[PDB]
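Structure, as structure tokens:
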Amino acid sequence: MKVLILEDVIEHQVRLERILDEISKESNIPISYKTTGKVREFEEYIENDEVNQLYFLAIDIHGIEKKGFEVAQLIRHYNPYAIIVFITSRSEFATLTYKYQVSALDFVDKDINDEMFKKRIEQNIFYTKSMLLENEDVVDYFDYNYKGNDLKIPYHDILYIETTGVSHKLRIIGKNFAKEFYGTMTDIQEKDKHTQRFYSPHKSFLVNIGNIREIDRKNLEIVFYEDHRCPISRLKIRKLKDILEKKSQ
Amino acid sequence: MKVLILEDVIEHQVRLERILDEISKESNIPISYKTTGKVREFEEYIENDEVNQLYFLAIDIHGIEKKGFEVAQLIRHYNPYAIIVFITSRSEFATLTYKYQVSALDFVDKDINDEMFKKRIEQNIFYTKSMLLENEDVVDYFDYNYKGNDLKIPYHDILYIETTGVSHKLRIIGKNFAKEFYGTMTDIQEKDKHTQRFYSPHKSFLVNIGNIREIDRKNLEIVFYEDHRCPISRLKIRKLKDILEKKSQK
């Protein structure tokens with residue numbers, strides 16, 4: 001379980017890294033952390049973050065009050081599946097979270113005693129694991145785990161998956177979002193042989209059947225809901241999909 | 001989009017519903033709301049029933065404080081990335097949403113003026129629009145097929161269907177667009193016999209029942225939500241259109 005921490009104070013940096021290691025041994029779940037006080041270095045961290053990433057964000061970073069809210073908006077803007085948890089001594093800002101259009105899970109006051117502080121961040125780590133893990137009650141969600149690297153996003157928000165120049169990496173593209181994750185296109189197809197939620201119209205494209213609205217025969221394109229004529233389909237590959245698509249009833 | 005509202009007080013239930021329809025016309029967003037006072041009736045629309053996009057909730061329901069949190073916990077249990085928005089008079093419970101591990105988008109106060117309230121409701125609807133993909137699960141679409149030629153476009157985007165010079169071809173008229181498709185006006189009426197979303201006010205026109213605002217008796221025309229009065233209605237057919245509007249939309 002990869003986690004990201006933003007803290008300008010060395011005192012609270014050590015404190016959270018200590019509690020994280022205490023939980024990792026007690027709850028028997030592996031936790032890997034990356035912490036920085038510098039915004040620039042942490043901006044490169046969000047660039048190479050997990051799909052459902054847990055964030056431990058401060059607010060008053062290097063004399064700039066509400067700086068953490070600026071990076072929270074930035075994290076949410078690009079990743080709509082992030083888990084933003086605030087950790088600050090500026091307790092009065094709990095009201096402001098909503099005004100920043102960020103769907104934050106928790107707001108932890110760092111002035112609380114270590115015993116209750118451990119219990120506060122415990123809830124957030126436990127929520128993340130229990131959410132990502134299996135769950136039969138949850139609706140049709142796309143869960144894909146490739147060599148430790150986990151993913152869990154709804155089939156509704158998935159338009160298509162395309163290959164990348166980098167080995168064992170794929171790019172999931174949706175509405176107002178695009179993200180790179182570890183995995184192979186052959187592995188998803190082997191797991192979707194019965195579920196049948198995806199189709200490969202191109203050697204480098206893997207579309208979501210549920211979001212195919214129209215097919216452009218003349219331009220060799222696939223039109224998604226809200227006119228996303230981005231993936232290109234081959235004329236010979238059209239025959240198989242069209243019969244499968246028209247058999248909706 | 002589909003929105004679920006939980007409110008026991010009628011005074012505040014109708015207040016939000018009125019504002020939901022007001023922004024629906026002003027920002028051309030189709031909004032279909034479901035309001036219930038009882039928790040058991042609201043839980044039914046979540047666990048045993050299918051999808052919804054936005055969830056507006058109260059906290060103090062039928063004398064039960066923090067009940068809104070308990071039911072919000074149920075929505076996040078079934079949908080971990082749903083959009084939960086709180087609407088309540090109890091301002092103090094704002095900092096308490098984090099205790100219930102509910103990832104709420106916004107906490108709205110009920111004691112604030114209707115000017116700032118409509119603007120705060122707007123923000124949550126504009127958020128849901130830019131987030132969720134406009135597919136079959138968000139709104140109902142006009143799925144038409146005629147001798148191999150297929151057309152699948154949103155119903156709210158259609159104002160009226162205008163006839164064209166070339167046979168077995170018709171044109172969709174929108175507030176910003178114009179799309180040509182193959183089909184017969186008689187074949188649409190034959191399929192929309194149970195659906196009843198299209199009316200024929202003229203031999204050369206087929207108007208969408210939903211986007212109509214007014215029926216001009218003086219100039220014998222049909223006026224839509226925006227100033228786009230182009231289809232023509234006749235006195236011979238105007239009587240059935242007038243009663244069908246008052247019956248369905250009330």
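For the structure tokens, the naming scheme is as follows: chains receive sequential letters (A, B, ...) according to their order of presentation, residues are indexed from 1 within each chain, and ligands are indexed from 1 in presentation order.
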Set the cut-off to 8 Å and count only C-alpha atoms: what are the residues of chain B that reach chain A? Output as an mmCIF file with N, CA, C and O atoms, in the first residue's frame.
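Listed below is the output, part_23.cif:
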```cif
data_model
loop_
_atom_site.group_PDB
_atom_site.id
_atom_site.type_symbol
_atom_site.label_atom_id
_atom_site.label_comp_id
_atom_site.auth_asym_id
_atom_site.auth_seq_id
_atom_site.Cartn_x
_atom_site.Cartn_y
_atom_site.Cartn_z
ATOM 1 N N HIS B 77 -20.812 2.730 0.936
ATOM 2 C CA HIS B 77 -20.533 1.301 1.061
ATOM 3 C C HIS B 77 -20.786 0.594 -0.279
ATOM 4 O O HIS B 77 -20.015 -0.290 -0.662
ATOM 5 N N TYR B 78 -21.856 0.998 -0.989
ATOM 6 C CA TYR B 78 -22.227 0.424 -2.277
ATOM 7 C C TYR B 78 -21.517 1.141 -3.431
ATOM 8 O O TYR B 78 -21.132 0.477 -4.397
ATOM 9 N N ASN B 79 -21.326 2.473 -3.330
ATOM 10 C CA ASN B 79 -20.605 3.242 -4.345
ATOM 11 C C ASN B 79 -19.494 4.080 -3.680
ATOM 12 O O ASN B 79 -19.768 5.171 -3.174
ATOM 13 N N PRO B 80 -18.229 3.588 -3.691
ATOM 14 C CA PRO B 80 -17.138 4.317 -3.018
ATOM 15 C C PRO B 80 -16.712 5.638 -3.677
ATOM 16 O O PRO B 80 -15.902 6.354 -3.082
ATOM 17 N N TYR B 81 -17.245 5.976 -4.870
ATOM 18 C CA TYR B 81 -16.899 7.230 -5.541
ATOM 19 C C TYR B 81 -18.154 8.031 -5.960
ATOM 20 O O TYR B 81 -18.108 8.797 -6.928
ATOM 21 N N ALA B 94 -20.899 20.263 10.519
ATOM 22 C CA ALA B 94 -19.989 20.414 9.378
ATOM 23 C C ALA B 94 -18.671 19.657 9.590
ATOM 24 O O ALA B 94 -18.287 18.864 8.735
ATOM 25 N N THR B 95 -18.017 19.864 10.747
ATOM 26 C CA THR B 95 -16.745 19.229 11.124
ATOM 27 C C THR B 95 -16.914 17.742 11.486
ATOM 28 O O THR B 95 -15.920 17.025 11.607
ATOM 29 N N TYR B 98 -16.341 14.108 8.795
ATOM 30 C CA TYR B 98 -15.054 13.404 8.776
ATOM 31 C C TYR B 98 -15.018 12.235 9.757
ATOM 32 O O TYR B 98 -14.248 11.293 9.555
ATOM 33 N N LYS B 99 -15.837 12.298 10.822
ATOM 34 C CA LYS B 99 -15.931 11.248 11.840
ATOM 35 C C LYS B 99 -16.588 9.995 11.252
ATOM 36 O O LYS B 99 -16.192 8.876 11.589
ATOM 37 N N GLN B 101 -16.472 8.944 8.146
ATOM 38 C CA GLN B 101 -15.660 8.486 7.002
ATOM 39 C C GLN B 101 -16.378 8.654 5.639
ATOM 40 O O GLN B 101 -16.019 7.985 4.668
ATOM 41 N N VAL B 102 -17.375 9.554 5.572
ATOM 42 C CA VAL B 102 -18.132 9.860 4.352
ATOM 43 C C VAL B 102 -17.369 10.955 3.604
ATOM 44 O O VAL B 102 -17.062 11.997 4.195
ATOM 45 N N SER B 103 -17.038 10.719 2.328
ATOM 46 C CA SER B 103 -16.316 11.716 1.550
ATOM 47 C C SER B 103 -17.326 12.628 0.862
ATOM 48 O O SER B 103 -17.632 12.463 -0.320
ATOM 49 N N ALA B 104 -17.883 13.569 1.635
ATOM 50 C CA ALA B 104 -18.881 14.510 1.135
ATOM 51 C C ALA B 104 -18.226 15.623 0.327
ATOM 52 O O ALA B 104 -17.168 16.127 0.718
ATOM 53 N N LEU B 105 -18.848 15.991 -0.810
ATOM 54 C CA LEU B 105 -18.353 17.054 -1.683
ATOM 55 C C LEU B 105 -18.586 18.434 -1.041
ATOM 56 O O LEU B 105 -17.649 19.238 -0.970
ATOM 57 N N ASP B 106 -19.835 18.701 -0.584
ATOM 58 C CA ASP B 106 -20.219 19.980 0.017
ATOM 59 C C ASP B 106 -21.252 19.822 1.139
ATOM 60 O O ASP B 106 -22.098 18.928 1.100
ATOM 61 N N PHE B 107 -21.159 20.721 2.134
ATOM 62 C CA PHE B 107 -22.043 20.856 3.288
ATOM 63 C C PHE B 107 -22.751 22.204 3.143
ATOM 64 O O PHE B 107 -22.102 23.250 3.221
ATOM 65 N N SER B 130 -19.549 17.644 -15.150
ATOM 66 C CA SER B 130 -18.170 17.548 -15.645
ATOM 67 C C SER B 130 -17.449 16.268 -15.185
ATOM 68 O O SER B 130 -16.395 15.936 -15.734
ATOM 69 N N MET B 131 -18.015 15.552 -14.196
ATOM 70 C CA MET B 131 -17.423 14.339 -13.637
ATOM 71 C C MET B 131 -17.903 13.065 -14.335
ATOM 72 O O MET B 131 -17.076 12.316 -14.861
ATOM 73 N N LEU B 132 -19.226 12.818 -14.321
ATOM 74 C CA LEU B 132 -19.838 11.619 -14.889
ATOM 75 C C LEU B 132 -20.058 11.731 -16.391
ATOM 76 O O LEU B 132 -20.444 12.790 -16.897
ATOM 77 N N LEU B 133 -19.826 10.610 -17.095
ATOM 78 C CA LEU B 133 -20.003 10.501 -18.538
ATOM 79 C C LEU B 133 -21.485 10.399 -18.872
ATOM 80 O O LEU B 133 -22.197 9.582 -18.280
ATOM 81 N N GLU B 134 -21.939 11.219 -19.832
ATOM 82 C CA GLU B 134 -23.331 11.257 -20.267
ATOM 83 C C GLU B 134 -23.694 10.016 -21.090
ATOM 84 O O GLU B 134 -23.848 10.115 -22.306
ATOM 85 N N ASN B 135 -23.863 8.859 -20.429
ATOM 86 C CA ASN B 135 -24.227 7.616 -21.111
ATOM 87 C C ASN B 135 -25.712 7.265 -20.858
ATOM 88 O O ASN B 135 -26.473 8.128 -20.416
ATOM 89 N N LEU B 151 -29.202 6.018 -35.581
ATOM 90 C CA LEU B 151 -29.050 7.315 -34.917
ATOM 91 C C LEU B 151 -29.356 7.163 -33.421
ATOM 92 O O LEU B 151 -30.463 6.758 -33.057
ATOM 93 N N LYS B 152 -28.371 7.484 -32.566
ATOM 94 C CA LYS B 152 -28.494 7.418 -31.110
ATOM 95 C C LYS B 152 -27.992 8.736 -30.519
ATOM 96 O O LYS B 152 -26.784 8.922 -30.366
#
```
Any idea what's packed within 12 Å of residue 153 of chain B, counting only C-alpha atoms, ignoring anything in its chain fewer than 2 positions away? Could you give it as a compact mmCIF listing (two decimals) with N, CA, C and O atoms, in the first residue's frame?
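Contents of selection03.txt, as written:
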```txt
# COMPACT_ATOMS: atom_id res chain seq x y z
N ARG A 213 -21.55 4.16 -28.21
CA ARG A 213 -22.84 4.73 -28.61
C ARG A 213 -23.09 4.56 -30.11
O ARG A 213 -24.16 4.08 -30.50
N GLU A 214 -22.13 5.01 -30.94
CA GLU A 214 -22.22 5.03 -32.40
C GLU A 214 -20.91 4.54 -33.03
O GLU A 214 -19.86 4.60 -32.38
N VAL A 223 -17.57 6.14 -31.87
CA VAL A 223 -18.15 7.30 -31.22
C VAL A 223 -18.70 6.88 -29.85
O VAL A 223 -19.60 6.04 -29.77
N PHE A 224 -18.13 7.46 -28.79
CA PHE A 224 -18.56 7.21 -27.41
C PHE A 224 -19.57 8.27 -27.01
O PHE A 224 -19.69 9.28 -27.70
N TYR A 225 -20.28 8.04 -25.89
CA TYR A 225 -21.25 9.00 -25.37
C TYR A 225 -20.51 10.30 -25.04
O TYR A 225 -19.49 10.26 -24.35
N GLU A 226 -20.96 11.42 -25.64
CA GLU A 226 -20.41 12.80 -25.59
C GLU A 226 -19.39 13.00 -26.73
O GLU A 226 -18.52 13.87 -26.65
N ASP A 227 -19.55 12.21 -27.82
CA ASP A 227 -18.79 12.19 -29.08
C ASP A 227 -17.27 12.11 -28.85
O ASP A 227 -16.54 13.08 -29.10
N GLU B 134 -21.94 11.22 -19.83
CA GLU B 134 -23.33 11.26 -20.27
C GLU B 134 -23.69 10.02 -21.09
O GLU B 134 -23.85 10.11 -22.31
N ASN B 135 -23.86 8.86 -20.43
CA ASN B 135 -24.23 7.62 -21.11
C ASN B 135 -25.71 7.27 -20.86
O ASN B 135 -26.47 8.13 -20.42
N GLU B 136 -26.12 6.01 -21.16
CA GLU B 136 -27.49 5.50 -20.99
C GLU B 136 -27.96 5.54 -19.52
O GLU B 136 -29.15 5.73 -19.27
N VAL B 139 -29.04 9.62 -18.54
CA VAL B 139 -30.28 10.10 -19.17
C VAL B 139 -30.73 9.15 -20.30
O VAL B 139 -29.91 8.41 -20.84
N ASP B 140 -32.04 9.17 -20.61
CA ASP B 140 -32.67 8.35 -21.66
C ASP B 140 -32.36 8.93 -23.04
O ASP B 140 -32.47 10.15 -23.23
N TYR B 141 -31.95 8.07 -24.00
CA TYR B 141 -31.56 8.51 -25.35
C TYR B 141 -32.45 7.91 -26.42
O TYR B 141 -32.97 6.81 -26.27
N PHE B 142 -32.62 8.66 -27.53
CA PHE B 142 -33.44 8.27 -28.67
C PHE B 142 -32.66 7.29 -29.55
O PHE B 142 -31.84 7.71 -30.37
N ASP B 143 -32.89 5.98 -29.33
CA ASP B 143 -32.25 4.91 -30.08
C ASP B 143 -33.13 4.55 -31.28
O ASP B 143 -34.18 3.93 -31.10
N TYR B 144 -32.73 4.99 -32.48
CA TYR B 144 -33.48 4.77 -33.72
C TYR B 144 -32.65 4.05 -34.78
O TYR B 144 -31.45 4.31 -34.91
N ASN B 145 -33.30 3.15 -35.52
CA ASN B 145 -32.70 2.37 -36.60
C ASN B 145 -33.71 2.25 -37.75
O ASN B 145 -34.86 1.90 -37.52
N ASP B 150 -28.52 3.96 -38.49
CA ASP B 150 -28.75 4.12 -37.05
C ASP B 150 -28.40 5.53 -36.54
O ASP B 150 -27.42 6.13 -36.99
N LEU B 151 -29.20 6.02 -35.58
CA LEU B 151 -29.05 7.32 -34.92
C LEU B 151 -29.36 7.16 -33.42
O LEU B 151 -30.46 6.76 -33.06
N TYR B 155 -32.32 12.89 -25.99
CA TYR B 155 -33.68 13.39 -26.16
C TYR B 155 -33.78 14.90 -25.89
O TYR B 155 -34.42 15.60 -26.67
N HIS B 156 -33.13 15.38 -24.81
CA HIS B 156 -33.11 16.80 -24.40
C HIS B 156 -32.44 17.69 -25.46
O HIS B 156 -32.72 18.89 -25.51
N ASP B 157 -31.57 17.10 -26.31
CA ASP B 157 -30.87 17.79 -27.39
C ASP B 157 -31.80 18.05 -28.58
O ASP B 157 -31.55 18.96 -29.37
N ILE B 158 -32.88 17.24 -28.71
CA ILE B 158 -33.87 17.36 -29.79
C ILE B 158 -34.99 18.33 -29.38
O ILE B 158 -35.60 18.17 -28.32
N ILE B 172 -32.75 16.64 -37.31
CA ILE B 172 -32.90 16.98 -35.89
C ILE B 172 -32.49 18.45 -35.72
O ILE B 172 -31.42 18.84 -36.20
N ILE B 173 -33.32 19.25 -35.05
CA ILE B 173 -32.99 20.66 -34.82
C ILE B 173 -32.71 20.87 -33.33
O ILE B 173 -33.56 20.57 -32.49
N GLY B 174 -31.51 21.36 -33.05
CA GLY B 174 -31.04 21.66 -31.70
C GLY B 174 -30.82 23.15 -31.50
O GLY B 174 -30.92 23.92 -32.46
N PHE B 177 -26.95 22.90 -32.71
CA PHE B 177 -26.63 22.00 -33.81
C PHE B 177 -27.82 21.70 -34.74
O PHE B 177 -28.94 22.16 -34.51
N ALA B 178 -27.53 20.92 -35.80
CA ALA B 178 -28.44 20.40 -36.82
C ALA B 178 -27.84 19.10 -37.38
O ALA B 178 -26.78 19.14 -38.00
N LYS B 179 -28.48 17.95 -37.08
CA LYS B 179 -28.00 16.63 -37.50
C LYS B 179 -29.00 15.94 -38.44
O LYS B 179 -30.17 15.80 -38.10
N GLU B 180 -28.51 15.52 -39.63
CA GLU B 180 -29.31 14.82 -40.65
C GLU B 180 -29.19 13.31 -40.46
O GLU B 180 -28.09 12.80 -40.25
N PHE B 181 -30.33 12.60 -40.52
CA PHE B 181 -30.40 11.14 -40.34
C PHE B 181 -31.47 10.50 -41.24
O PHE B 181 -32.47 11.16 -41.56
```
- Message: I'd like the contact shell of residue 188 of chain B - 10 Å cut-off, only C-alpha atoms, skipping same-chain residues fewer than 2 positions apart - returned as a ChimeraX atom specification.
- Response: /B:144-146,183-186,190-193,198,206
Take the selection from the previous step and output its residues with N, CA and C atoms, as a short mmCIF file (atom, residue, chain, number, x, y, z; two decimals), in the first residue's frame.
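Okay, selection30.cif is ready:
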```cif
data_model
loop_
_atom_site.label_atom_id
_atom_site.label_comp_id
_atom_site.auth_asym_id
_atom_site.auth_seq_id
_atom_site.Cartn_x
_atom_site.Cartn_y
_atom_site.Cartn_z
N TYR B 144 -32.73 4.99 -32.48
CA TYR B 144 -33.48 4.77 -33.72
C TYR B 144 -32.65 4.05 -34.78
N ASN B 145 -33.30 3.15 -35.52
CA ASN B 145 -32.70 2.37 -36.60
C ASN B 145 -33.71 2.25 -37.75
N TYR B 146 -33.26 2.58 -38.98
CA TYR B 146 -34.11 2.54 -40.17
C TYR B 146 -33.33 1.98 -41.37
N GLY B 183 -34.60 8.15 -42.10
CA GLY B 183 -35.81 7.67 -41.45
C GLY B 183 -37.09 8.30 -41.97
N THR B 184 -38.24 7.74 -41.55
CA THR B 184 -39.59 8.20 -41.90
C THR B 184 -40.30 8.67 -40.62
N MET B 185 -40.98 9.83 -40.70
CA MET B 185 -41.72 10.45 -39.59
C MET B 185 -42.87 9.56 -39.11
N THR B 186 -43.43 8.74 -40.02
CA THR B 186 -44.52 7.80 -39.75
C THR B 186 -43.98 6.61 -38.94
N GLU B 190 -44.84 5.33 -35.05
CA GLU B 190 -45.17 3.91 -34.95
C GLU B 190 -44.42 3.23 -33.78
N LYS B 191 -43.21 3.74 -33.44
CA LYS B 191 -42.36 3.22 -32.36
C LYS B 191 -42.55 4.01 -31.06
N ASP B 192 -42.89 5.31 -31.17
CA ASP B 192 -43.14 6.24 -30.06
C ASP B 192 -44.63 6.19 -29.63
N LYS B 193 -45.37 5.13 -30.03
CA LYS B 193 -46.80 4.97 -29.69
C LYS B 193 -47.00 4.69 -28.18
N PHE B 198 -42.78 12.21 -28.71
CA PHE B 198 -42.90 13.03 -29.91
C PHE B 198 -44.34 13.27 -30.32
N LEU B 206 -42.20 17.10 -36.37
CA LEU B 206 -42.39 16.18 -35.25
C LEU B 206 -41.60 16.73 -34.04
#
```
- Within 12 Å of residue 89 of chain B, counting only C-alpha atoms, which residues qualify if same-chain residues fewer than 4 places away don't, as a PyMOL selection string? chain B and resi 7+9+12+57-61+65+93-94+107-112
Selection from above, C-alpha atoms, as a short mmCIF file (atom, residue, chain, number, x, y, z; two decimals), in the first residue's frame, can you write it?
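Result went into again02.cif, see below:
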```cif
data_model
loop_
_atom_site.label_atom_id
_atom_site.label_comp_id
_atom_site.auth_asym_id
_atom_site.auth_seq_id
_atom_site.Cartn_x
_atom_site.Cartn_y
_atom_site.Cartn_z
CA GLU B 7 -35.71 15.56 3.42
CA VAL B 9 -39.63 18.86 6.08
CA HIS B 12 -37.28 22.76 2.52
CA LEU B 57 -29.03 14.74 2.13
CA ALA B 58 -30.32 16.11 5.45
CA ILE B 59 -28.91 14.99 8.86
CA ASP B 60 -31.77 15.52 11.39
CA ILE B 61 -34.51 13.24 9.94
CA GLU B 65 -29.78 13.49 14.82
CA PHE B 93 -22.33 19.09 12.18
CA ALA B 94 -19.99 20.41 9.38
CA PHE B 107 -22.04 20.86 3.29
CA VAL B 108 -24.86 23.38 2.60
CA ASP B 109 -26.51 25.58 5.28
CA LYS B 110 -30.30 26.06 5.10
CA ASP B 111 -30.49 29.41 7.03
CA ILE B 112 -28.57 31.31 4.22
#
```
- What residues in segment 156-213 of chain B get the DSSP label strand (DSSP E)? Please answer as a PyMOL selection string. chain B and resi 160-163+169-173+178-182+198-202+205-208+212-213
The selected residues should be written to file as a PDB file, in the first residue's frame (atoms: N, CA and C atoms).
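Written out: again.pdb:
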```pdb
ATOM      1  N   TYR B 160     -37.236  19.585 -32.262  1.00  0.00           N
ATOM      2  CA  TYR B 160     -38.183  19.106 -33.270  1.00  0.00           C
ATOM      3  C   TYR B 160     -37.446  18.450 -34.449  1.00  0.00           C
ATOM      4  N   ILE B 161     -38.157  17.591 -35.203  1.00  0.00           N
ATOM      5  CA  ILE B 161     -37.609  16.905 -36.373  1.00  0.00           C
ATOM      6  C   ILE B 161     -38.258  17.518 -37.624  1.00  0.00           C
ATOM      7  N   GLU B 162     -37.435  18.197 -38.435  1.00  0.00           N
ATOM      8  CA  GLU B 162     -37.828  18.887 -39.661  1.00  0.00           C
ATOM      9  C   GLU B 162     -37.575  17.998 -40.894  1.00  0.00           C
ATOM     10  N   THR B 163     -38.552  17.947 -41.829  1.00  0.00           N
ATOM     11  CA  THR B 163     -38.453  17.171 -43.077  1.00  0.00           C
ATOM     12  C   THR B 163     -37.456  17.808 -44.039  1.00  0.00           C
ATOM     13  N   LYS B 169     -35.284  10.693 -45.414  1.00  0.00           N
ATOM     14  CA  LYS B 169     -34.283  11.428 -44.645  1.00  0.00           C
ATOM     15  C   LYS B 169     -34.962  12.571 -43.894  1.00  0.00           C
ATOM     16  N   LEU B 170     -34.549  12.781 -42.633  1.00  0.00           N
ATOM     17  CA  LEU B 170     -35.090  13.813 -41.742  1.00  0.00           C
ATOM     18  C   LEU B 170     -33.955  14.552 -41.015  1.00  0.00           C
ATOM     19  N   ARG B 171     -34.260  15.707 -40.391  1.00  0.00           N
ATOM     20  CA  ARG B 171     -33.245  16.509 -39.705  1.00  0.00           C
ATOM     21  C   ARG B 171     -33.658  16.880 -38.271  1.00  0.00           C
ATOM     22  N   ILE B 172     -32.746  16.637 -37.307  1.00  0.00           N
ATOM     23  CA  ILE B 172     -32.898  16.981 -35.888  1.00  0.00           C
ATOM     24  C   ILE B 172     -32.489  18.447 -35.722  1.00  0.00           C
ATOM     25  N   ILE B 173     -33.321  19.253 -35.046  1.00  0.00           N
ATOM     26  CA  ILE B 173     -32.993  20.659 -34.823  1.00  0.00           C
ATOM     27  C   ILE B 173     -32.714  20.870 -33.334  1.00  0.00           C
ATOM     28  N   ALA B 178     -27.530  20.915 -35.801  1.00  0.00           N
ATOM     29  CA  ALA B 178     -28.442  20.396 -36.819  1.00  0.00           C
ATOM     30  C   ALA B 178     -27.842  19.098 -37.377  1.00  0.00           C
ATOM     31  N   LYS B 179     -28.480  17.948 -37.081  1.00  0.00           N
ATOM     32  CA  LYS B 179     -28.000  16.625 -37.497  1.00  0.00           C
ATOM     33  C   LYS B 179     -28.996  15.943 -38.443  1.00  0.00           C
ATOM     34  N   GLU B 180     -28.510  15.517 -39.627  1.00  0.00           N
ATOM     35  CA  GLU B 180     -29.305  14.825 -40.645  1.00  0.00           C
ATOM     36  C   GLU B 180     -29.190  13.309 -40.461  1.00  0.00           C
ATOM     37  N   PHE B 181     -30.330  12.596 -40.522  1.00  0.00           N
ATOM     38  CA  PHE B 181     -30.397  11.141 -40.337  1.00  0.00           C
ATOM     39  C   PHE B 181     -31.467  10.505 -41.240  1.00  0.00           C
ATOM     40  N   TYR B 182     -31.271   9.229 -41.625  1.00  0.00           N
ATOM     41  CA  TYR B 182     -32.226   8.505 -42.472  1.00  0.00           C
ATOM     42  C   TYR B 182     -33.365   7.912 -41.642  1.00  0.00           C
ATOM     43  N   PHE B 198     -42.782  12.206 -28.710  1.00  0.00           N
ATOM     44  CA  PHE B 198     -42.896  13.030 -29.914  1.00  0.00           C
ATOM     45  C   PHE B 198     -44.341  13.265 -30.316  1.00  0.00           C
ATOM     46  N   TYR B 199     -44.648  14.523 -30.660  1.00  0.00           N
ATOM     47  CA  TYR B 199     -45.961  14.975 -31.122  1.00  0.00           C
ATOM     48  C   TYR B 199     -45.831  15.531 -32.540  1.00  0.00           C
ATOM     49  N   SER B 200     -46.875  15.362 -33.379  1.00  0.00           N
ATOM     50  CA  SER B 200     -46.879  15.851 -34.759  1.00  0.00           C
ATOM     51  C   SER B 200     -47.796  17.088 -34.896  1.00  0.00           C
ATOM     52  N   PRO B 201     -47.265  18.332 -34.761  1.00  0.00           N
ATOM     53  CA  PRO B 201     -48.138  19.515 -34.881  1.00  0.00           C
ATOM     54  C   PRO B 201     -48.373  19.947 -36.335  1.00  0.00           C
ATOM     55  N   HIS B 202     -47.612  19.350 -37.267  1.00  0.00           N
ATOM     56  CA  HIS B 202     -47.648  19.623 -38.700  1.00  0.00           C
ATOM     57  C   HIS B 202     -47.273  18.357 -39.485  1.00  0.00           C
ATOM     58  N   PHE B 205     -43.451  18.382 -39.571  1.00  0.00           N
ATOM     59  CA  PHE B 205     -42.731  18.505 -38.295  1.00  0.00           C
ATOM     60  C   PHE B 205     -43.150  17.470 -37.248  1.00  0.00           C
ATOM     61  N   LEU B 206     -42.199  17.103 -36.369  1.00  0.00           N
ATOM     62  CA  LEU B 206     -42.385  16.177 -35.249  1.00  0.00           C
ATOM     63  C   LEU B 206     -41.598  16.729 -34.044  1.00  0.00           C
ATOM     64  N   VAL B 207     -42.311  17.434 -33.144  1.00  0.00           N
ATOM     65  CA  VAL B 207     -41.778  18.153 -31.975  1.00  0.00           C
ATOM     66  C   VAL B 207     -41.647  17.253 -30.724  1.00  0.00           C
ATOM     67  N   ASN B 208     -40.555  17.472 -29.950  1.00  0.00           N
ATOM     68  CA  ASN B 208     -40.263  16.815 -28.673  1.00  0.00           C
ATOM     69  C   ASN B 208     -41.138  17.464 -27.592  1.00  0.00           C
ATOM     70  N   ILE B 212     -40.784  21.939 -24.892  1.00  0.00           N
ATOM     71  CA  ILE B 212     -41.766  22.997 -25.191  1.00  0.00           C
ATOM     72  C   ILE B 212     -41.962  23.891 -23.949  1.00  0.00           C
ATOM     73  N   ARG B 213     -42.090  25.216 -24.173  1.00  0.00           N
ATOM     74  CA  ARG B 213     -42.318  26.234 -23.141  1.00  0.00           C
ATOM     75  C   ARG B 213     -43.728  26.838 -23.290  1.00  0.00           C
TER      76      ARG B 213
END
```
- Check the smallest atom-to-atom distance from each of A:2, A:38, A:77, A:205 to residue 54 of chain A using only C-alpha atoms, then report the winner. A:2
- Separation of atom CA of residue 35 of chain A from atom CA of residue 144 of chain A in Å: 26.9 Å
- From the list A:32, A:196, A:128, A:184, which residue is nearest residue 147 of chain A when using only C-alpha atoms?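 Looking only at the distances to residue 147 of chain A, the closest residue turns out to be A:184.
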- Message: So that I can see what lies close to segment 219-225 of chain B, please list as number ranges by chain the residues with an atom at most 10 Å from it, counting only C-alpha atoms and leaving out residues fewer than 6 positions away in the same chain.
- Response: B: 25-26, 28, 159-160, 175, 201, 207-213, 231-235, 238
- Query: DSSP on the backbone: what in segment 68-211 of chain B comes out helix (DSSP H, G or I), as a ChimeraX atom specification?
  - Reply: /B:68-78,91-94,114-131,185-191
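The spacing separating atom CA of residue 44 of chain B from atom CA of residue 96 of chain B amounts to 25.8 Å.
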- Which polymer residues have any atom within 12 Å of an atom of residue 111 of chain A, counting only C-alpha atoms, with same-chain residues fewer than 4 positions away left out, as a VMD selection string? chain A and resid 12 15 87 to 91 115 to 117
- Query: What is the distance between atom CA of residue 19 of chain A and atom CA of residue 118 of chain A, in Å to one decimal?
  - Reply: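 Result for atom CA of residue 19 of chain A versus atom CA of residue 118 of chain A: 6.0 Å, one decimal.
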- Message: Using only C-alpha atoms, which protein or nucleic acid residues come within 6 Å of segment 35-40 of chain B? Drop anything in the same chain fewer than 4 positions from it, and give the result as a ChimeraX atom specification.
- Response: /B:5-8
